[PDB]
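Take a look at the structure tokens below, where one protein chain is shown in two forms, each on its own, as structure 1 and structure 2.
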Structure 1
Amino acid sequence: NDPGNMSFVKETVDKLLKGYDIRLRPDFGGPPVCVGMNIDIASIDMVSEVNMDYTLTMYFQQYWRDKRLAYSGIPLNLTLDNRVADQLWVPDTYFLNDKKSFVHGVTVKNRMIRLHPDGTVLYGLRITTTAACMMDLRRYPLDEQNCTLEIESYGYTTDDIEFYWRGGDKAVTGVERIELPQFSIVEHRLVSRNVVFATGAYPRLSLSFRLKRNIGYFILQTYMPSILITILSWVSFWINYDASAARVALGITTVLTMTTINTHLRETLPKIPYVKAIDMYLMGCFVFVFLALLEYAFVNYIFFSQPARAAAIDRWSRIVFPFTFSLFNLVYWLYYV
């Protein structure tokens, strides 16, 4: 009678669960139960190129109607303790491409159950998931990546369960609040479709993000040191050819430094078999510094016999090398921009 009478509410809930079979889906043997899904993305923790995965924390909500749970006489929505979910049928929703995921359990299990008079159930979970994402690093670090989150029913086919994004394109929220230091979220999309397997067709919901990497870090960390070393190798041109130790030391250090930069960066990334965009720039800078050392070797080889010709090579090297390196940067950056 009275909504505030807890004895009446307790009796109503007890009647719903009496004879309730968790082993059977709602409308078992009839039309498939439609499950609506919304995601409130709390944050994207990290994006790992080494492991080809990203970590996602979100509020995962499922919406479906179970006529066995319909109640009358209480004009209110019943928000029950989360432990009642273990006594109710829930969809066997799982993430297809996840690698490791869990539900937060402090202070209690991060779970909520809300009932409605018509029998509709609101089921929410706070989940941190690590989802695999294959990334094409050919244009790294100027690449754009597309990481998805595939949602599917594990055991029920389309004849038993159907999926849909509740709210259309507004089903997923919080994308604008995601703060990735290395990436920017250009766009997100929602896809609903059915996938055919050997046992039958299964419902599928896809949430995908298009990530564009920020180049500001790589300019300061990799590109600028490579340019400075290349400019450092040009100092040998203005050094007199009689300074054999000084000019060879300039050639050796720049060549060795360029190799260390190229090798050290590649160790951080996964052992991919192809060449990246940054690798092309690093290998190009290696050629310029290597030719600078070979330039003095040619000069040192003819400086005694032909001092006039050796001086000309040094004088022209002060112009060709800076100009060719500028040309190399022009074609390189225009291609990848």
Structure 2
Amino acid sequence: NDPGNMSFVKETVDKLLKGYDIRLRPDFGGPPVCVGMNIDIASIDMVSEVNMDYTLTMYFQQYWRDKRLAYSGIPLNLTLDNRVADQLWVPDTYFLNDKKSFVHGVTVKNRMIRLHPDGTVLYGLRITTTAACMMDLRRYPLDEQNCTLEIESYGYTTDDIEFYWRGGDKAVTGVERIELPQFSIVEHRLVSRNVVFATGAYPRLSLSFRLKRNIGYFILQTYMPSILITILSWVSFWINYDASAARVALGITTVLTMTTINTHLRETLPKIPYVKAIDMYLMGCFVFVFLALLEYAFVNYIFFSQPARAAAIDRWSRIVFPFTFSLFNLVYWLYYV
């Protein structure tokens, strides 16, 4: 009779849990129970190309109705201590593609249960999850990635449990507040579908983001140092061919410098082994400095016999190398845009 009477509320709640069976879903043997889900994305911790995964922190909320929990006489929504969730049936929701997830537990287990007079249950969890994201890094670092989060029921088919995004397209919030230092989020989508398996159709909810990488860092730290070394290799062309020590030292040191750039960048670059766009550019620049030293090899071999022809080779090399390298840049960036 009195909502503020704590003794009466204890009697009301104990009546709900008297005879309550946690092993049975609501409306057992009848129509499936519809569970609505909405996510408040706290942050995206990291996106790892080496491990092919990303880490996500979110507020995961589930919304279903259990008529066994309906109470009367109290015109209020009962927010209960999170330890009562162990005494109730909850959906066996799991993330299909997650690798390691947990529920925060400081200072208490980050969980909330809110009851409603008609039997509706609001069930919230603060979850940090690492989900697998297979990344196509052929265009690295100019790549665009699409990482998803799959939500499914572990043991119940669509004859028992159905999923939907509560609130429509606005079910997932906090996407605009995500601050990824390396990526920029382009779009996010919410997909609801049933997936047919051996044991029957299973409810499925999908949340996906499209990530576009920021290339500003790689231009300054990776492409620019390699270009300048390639430019520096062409200095040998304008050096007089009689100076054997100067042009050989200049040619071989640029090759030495190029290898140091290549070898040390591999430590900073992702450890995943296969061909990438950045590797094609770095190897392309190494070929040019390799051919620049070979150019002087031909000139130095024929400088004594045919000075006019040796000088002619050197003069043309002052144009072919800048033109071919610029032509190589044109085709490379057009193919990677």
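For clarity, a rigid core is taken as the largest C-alpha set superposing within 1.5 Å between two forms. For residue numbers, the reference is structure 1: its sequence is counted from 1.
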Identify which of 241, 164, 94, 71 has its C-alpha displaced by 2 Å or more between structure 1 and structure 2 once the rigid core is superposed.
241
Rigid-body rotation of the smaller part against the larger between structure 1 and structure 2, in degrees?
13
When only the core is superposed, residue 225 shows a C-alpha shift between structure 1 and structure 2 in angstrom of 1.2
Relative to the superposed core, report the C-alpha shift of residue 252 between structure 1 and structure 2 in angstrom.
2.1
Upon rigid core superposition, what is the positional shift of the Cα of residue 117 between structure 1 and structure 2, expressed in Å to one decimal?
0.4
